[PDB]
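Have a look at the structure below, then the notes.
First the proteins, then the strands, lettered A, B, ... as listed; each starts at 1.
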Amino acid sequence: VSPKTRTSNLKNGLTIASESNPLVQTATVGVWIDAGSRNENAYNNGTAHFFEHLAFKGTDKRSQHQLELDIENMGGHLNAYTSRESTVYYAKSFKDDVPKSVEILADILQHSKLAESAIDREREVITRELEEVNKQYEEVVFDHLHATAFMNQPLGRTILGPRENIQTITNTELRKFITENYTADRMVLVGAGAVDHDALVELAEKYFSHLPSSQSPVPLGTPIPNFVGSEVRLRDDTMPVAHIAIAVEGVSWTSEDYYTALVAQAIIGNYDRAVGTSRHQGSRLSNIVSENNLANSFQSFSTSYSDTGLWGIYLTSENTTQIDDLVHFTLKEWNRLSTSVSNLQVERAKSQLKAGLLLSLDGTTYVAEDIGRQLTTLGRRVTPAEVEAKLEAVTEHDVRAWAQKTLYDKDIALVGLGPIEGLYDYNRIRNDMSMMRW
Amino acid sequence: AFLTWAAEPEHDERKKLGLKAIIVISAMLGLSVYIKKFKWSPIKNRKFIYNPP
């Protein structure tokens, strides 16, 4: 039984949430923000990512060089990432270096220079990032997947933004973005590891007390997405490996089917030929794929957002004449979530998940990420007892009922990259979303 | 008239069966157009962006 997550508020509405571990000597403190690329419009798309670069480019006090030195002297490191719905800025340090790290984070968030000279310098760095993501095939695939599934909607935009915006982002629009979005009621200060909650609340009162509150404070993790069944083909015959993602509209964080979708995802599961145990996994798809050498890997996913999600699978394969078989067998395993699954598969997946959801949290950064994600999506940290109860409530009837309304005979979004000549057209893929025998 | 009947005594039945066939076949033709267009729309609607390597 893990220690209790303590939670306090300030007057402005900043949440402080902490989970102490007296067995470790490091601590991860940081700020989780319920804001991301989705908060931009089409004209300033890319701003949130642009800001993340400038946050480390110097503040009103410390210059770029002083900032570097201050963190070097702390001994740990700082890290940040911007997603579609969430921004994180954290600092991993030693136990007694926590007041330094909180102070630096408070500085870079509230008091950043955003000097025209630095805007102009990063404008090239970010322009170069546009031509080098091209190599990270999984990210290429998932960014096209969002672009097509949520065609012309805010979730469909990339985080980097178009080349055109990168050239026209001003310090004005950067400042406007962080003034509108980085408000106290949307922020959580999180500490995990060797942190005292009461110490962290004092540091919050010292550094984050003059944060703006929004005019209309909605609860944390408050949002209409209209999924488009569609496909993007990025054929490249010179690549040896095909990367394919197939997804349907999935579930939001607060859906009543959130756990049912996780159990269904666990019934299909993951596979990787390079891992020794993967040839012996219980999943039917795993057995088909491994016995027939259909793929190097596959990974089931169930991504959630505040008001929608994508549920599906990501496949990689060198077997370019049997891509059809790989896709066929994958979608026939999905069909069986509607037609055939019983207590046998459901209870096995629940067993595997009850541990999996706890196992994931194995370091201070993972714990901090879990507290931060849960607080900014659900408004609370859900105790393992509650999670165990929600998983236990999933029956085989729930899985079949969910699959029949979410997967069965539904439109898919499909992205293929690489040697995908063998991937059939949209209709033949989408026809595998049902079984004529049922 | 009588001799015409003698040459083709199926005449009346044939033309009534033909009316049923015409109606069914015409409806099937209409539906087959809808279904073909439905199934072909992803091909007809396909768009390309080419970036020369």
Side-chain angles (χ1 to χ4, degrees), chain A residues 37-38 40-43 45-46 84 127 129-168 224-239 241-250 303 308 310-317 320 323-324 326-328 330-331 409-433, chain B residues 33-53:
Chain A
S37 307
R38 202 202 164 143
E40 306 153 338
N41 52 67
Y43 305 112
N45 160 228
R84 287 174 170 90
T127 286
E129 272 180 306
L130 281 178
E131 285 100 31
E132 275 155 354
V133 59
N134 77 308
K135 196 54 206 68
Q136 280 306 308
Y137 293 135
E138 180 177 346
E139 286 183 39
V140 171
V141 165
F142 277 93
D143 288 331
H144 285 89
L145 186 71
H146 278 78
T148 201
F150 302 110
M151 198 176 284
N152 307 312
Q153 295 157 78
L155 273 174
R157 295 194 225 93
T158 62
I159 296 159
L160 251 186
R163 171 179 287 271
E164 188 210 350
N165 284 5
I166 295 151
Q167 297 310 299
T168 59
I224 314 295
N226 192 1
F227 180 84
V228 181
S230 49
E231 111 208 331
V232 180
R233 294 174 185 267
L234 304 164
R235 171 162 169 183
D236 184 339
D237 289 335
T238 77
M239 288 177 54
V241 180
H243 303 255
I244 296 159
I246 308 166
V248 294
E249 184 171 27
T303 307
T308 189
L310 291 174
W311 188 99
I313 192 170
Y314 169 57
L315 305 160
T316 67
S317 177
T320 60
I323 284 162
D324 67 328
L326 173 59
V327 172
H328 176 68
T330 302
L331 300 199
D409 185 42
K410 290 291 269 170
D411 272 348
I412 47 171
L414 161 75
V415 174
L417 165 69
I420 56 166
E421 184 184 91
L423 177 64
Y424 292 137
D425 46 66
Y426 191 90
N427 283 308
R428 288 195 68 186
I429 312 313
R430 196 234 192 257
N431 294 341
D432 276 340
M433 301 291 293
Chain B
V33 171
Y34 173 83
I35 292 167
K36 180 273 182 185
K37 285 187 166 285
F38 170 88
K39 305 280 190 183
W40 272 73
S41 64
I43 308 305
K44 295 277 173 131
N45 289 338
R46 185 154 74 160
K47 309 269 179 270
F48 298 101
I49 296 167
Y50 178 50
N51 281 295

Out of curiosity, [X] [atom1] to [Y] [atom2], how far, rounded to the nearest 0.5 Å?
X	Y	atom1	atom2	value
A:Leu331	A:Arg430	CG	CZ	11.0 Å
A:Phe227	A:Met151	CZ	CE	9.5 Å
B:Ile43	A:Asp425	CD1	CG	5.0 Å
A:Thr158	A:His144	OG1	NE2	9.5 Å
A:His243	A:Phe142	NE2	CZ	11.5 Å

Taking all atoms of both residues into account, what is the closest heavy-atom pair of [X] and [Y], and its distance?
X	Y	value
A:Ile323	A:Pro419	CD1-O, 3.5 Å
A:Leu155	A:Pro225	CD1-CG, 4.4 Å
A:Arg38	A:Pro154	CG-CB, 3.8 Å
A:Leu145	A:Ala413	CD1-O, 3.8 Å
A:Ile420	A:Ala242	CG2-CB, 4.0 Å
A:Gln153	A:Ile224	OE1-O, 4.2 Å

Chi angles and distances behind the side chain to side chain contact (heavy atoms under 4.5 Å, CB included) call for A:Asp237, A:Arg235: CA-CA 6 Å; A:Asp237 289 335; A:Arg235 171 162 169 183; 3.0 Å; yes
Donor-acceptor contact present, side-chain [X] to main-chain [Y], <3.5 Å:
X	Y	result
A:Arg233	A:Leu423	yes
A:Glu139	A:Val133	no
A:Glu40	A:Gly46	yes
A:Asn45	A:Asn165	no

Test item: side-chain donor near acceptor, A:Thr148 and A:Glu231, under 3.5 Å: no
Within a radius of less than 6.0 Å around [atom1] of [X], do more than 12 heavy atoms belonging to other residues, nucleotides or ligands occur?
X	atom1	result
A:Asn152	CG	no
A:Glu421	CD	no
B:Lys36	NZ	yes
A:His146	NE2	yes
A:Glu164	CD	no

CA sep, side-chain torsions, deciding dist, call: A:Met433, A:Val248, side chain to side chain contact (heavy atoms under 4.5 Å, CB included): CA-CA 10 Å; A:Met433 301 291 293; A:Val248 294; 3.9 Å; yes
Non-hydrogen side-chain atoms of A:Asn427 and B:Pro42 separated by less than 4.5 Å: yes
Sole residue of A:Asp432, A:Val415, A:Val327 in side-chain contact (heavy atoms from CB on, under 4.5 Å) with A:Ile246: A:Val327
Worked verdict on A:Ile412 versus A:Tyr426 for side chain to side chain contact (heavy atoms under 4.5 Å, CB included): CA-CA 9 Å; A:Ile412 47 171; A:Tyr426 191 90; 3.5 Å; yes
A:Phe150 vs A:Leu310, side chain to side chain contact (heavy atoms under 4.5 Å, CB included): CA-CA, chis, key distance, verdict: CA-CA 10 Å; A:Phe150 302 110; A:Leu310 291 174; 3.8 Å; yes
Salt bridge present between A:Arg84 and A:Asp143 (N-O < 4.0 angstrom): yes
Residues which pass side-chain hydrogen bond (donor to acceptor under 3.5 Å, both in side chains) with A:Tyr137, listed by chain and number, not counting sequence neighbours: none
